[PDB]
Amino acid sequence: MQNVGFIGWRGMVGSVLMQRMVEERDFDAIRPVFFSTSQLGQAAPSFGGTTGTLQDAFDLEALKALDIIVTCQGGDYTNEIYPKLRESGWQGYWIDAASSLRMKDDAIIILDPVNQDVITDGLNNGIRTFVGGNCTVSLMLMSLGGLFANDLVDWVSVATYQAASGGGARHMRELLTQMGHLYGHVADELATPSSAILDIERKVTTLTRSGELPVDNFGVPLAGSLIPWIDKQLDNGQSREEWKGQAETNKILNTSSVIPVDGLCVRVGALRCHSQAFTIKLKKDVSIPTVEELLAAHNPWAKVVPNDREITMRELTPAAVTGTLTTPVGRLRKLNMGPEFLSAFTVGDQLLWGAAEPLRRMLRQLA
């Protein structure tokens, strides 16, 4: 049995990972060791039917004793610990959810249902660092994997509807709380049938701009609004979120020719699901039936939602997808621009395939 250490397993992403591992009984085949900074010496979570004690996440000697490290602790932690281990000669496997190491030449971005070939090769070539890809790119490739796998993509233009979970636990609470303020502010008139909507809307619009809304985490209001800018501004005018699309998609698929991927990343009032609108340029005129076939064939999670009104409203929404491993694709049809212009709308839970799932699957291969 491999000695696998877990860091940040009590965080939001870490908690989902634990849930998933318990659910898949991933703890049976390994010897889990839980790390922390707080309740040291105190009994481990015992998820792995283990009766051990919590280790010091910053004790290098304890980390070096591991065969595999799985962290959902974050970039600050990865940035402090990873180089110390590598430089100390540690050659165990490092599985990470943080973006820190994604673009390193000795690290592979993991999304096995999409790039197991890249993973296996790297494995056979000494790569011992596997990093999960950005939630947006990860969900996109899980849904449109069949198109890429068949080398049908010339370029991709995206428009996202990103969930608060991408920001974090505090962000999600902030979104729900604002929903509370907005409704509570007009609770009575909403209960009065004769009340005028313009009177109701007037009050909520005013409250939204008043400054009373709790916006510590997002900076500005999210409930009833949206924010067309996700994280750091770059010189080319992209936000770091938009920049990842091309960099990560191409590194994951391990392309030879760069596939242009760009668009606008928008934060919306959803909790865990990221929905994406696509304008995909195909290299050849492929029929929609053929397209639906390739897509559905790539993996079991890419559920193709027929392009019909009723079923779309039922299945292609955050409401239908939250908490599930399904990454549906719908609204597939050709755009007026031409037979080579394809439209697609995807939805996917940010914390599963967009965060914890890829990590869980990789450990399994190393177990």
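Sequential numbering from 1, following the sequence displayed.
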### Summary
Entry B factor averaged over C-alpha atoms, 122 to 130 against 223 to 231: higher for 122 to 130
### Query
According to the deposited model, is the average Cα temperature factor higher in 92 to 100 or in 185 to 193?
185 to 193
### Query
Highest Cα B-factor in the deposition, which of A296, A247, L176, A277?
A296
### Message
Maximum C-alpha temperature factor per the entry, among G263, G75, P289, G269, belongs to which one?
### Response
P289
### Query
When the modelled residues of the chain are sorted by Cα temperature factor, does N150 land in the lowest, middle or highest third?
highest
### Message
Could you place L66 in the lowest, middle or highest third of its chain by Cα temperature factor, using the values in the record?
### Response
lowest
### Query
Hey, what third does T327 fall into on Cα B-factor, ranked over its chain?
lowest
### Message
When the deposited Cα B-factors of this chain's modelled residues are ordered and cut into thirds, is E310 in the lowest, the middle or the highest one?
### Response
lowest
### Message
When the deposited Cα B-factors of this chain's modelled residues are ordered and cut into thirds, is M21 in the lowest, the middle or the highest one?
### Response
highest
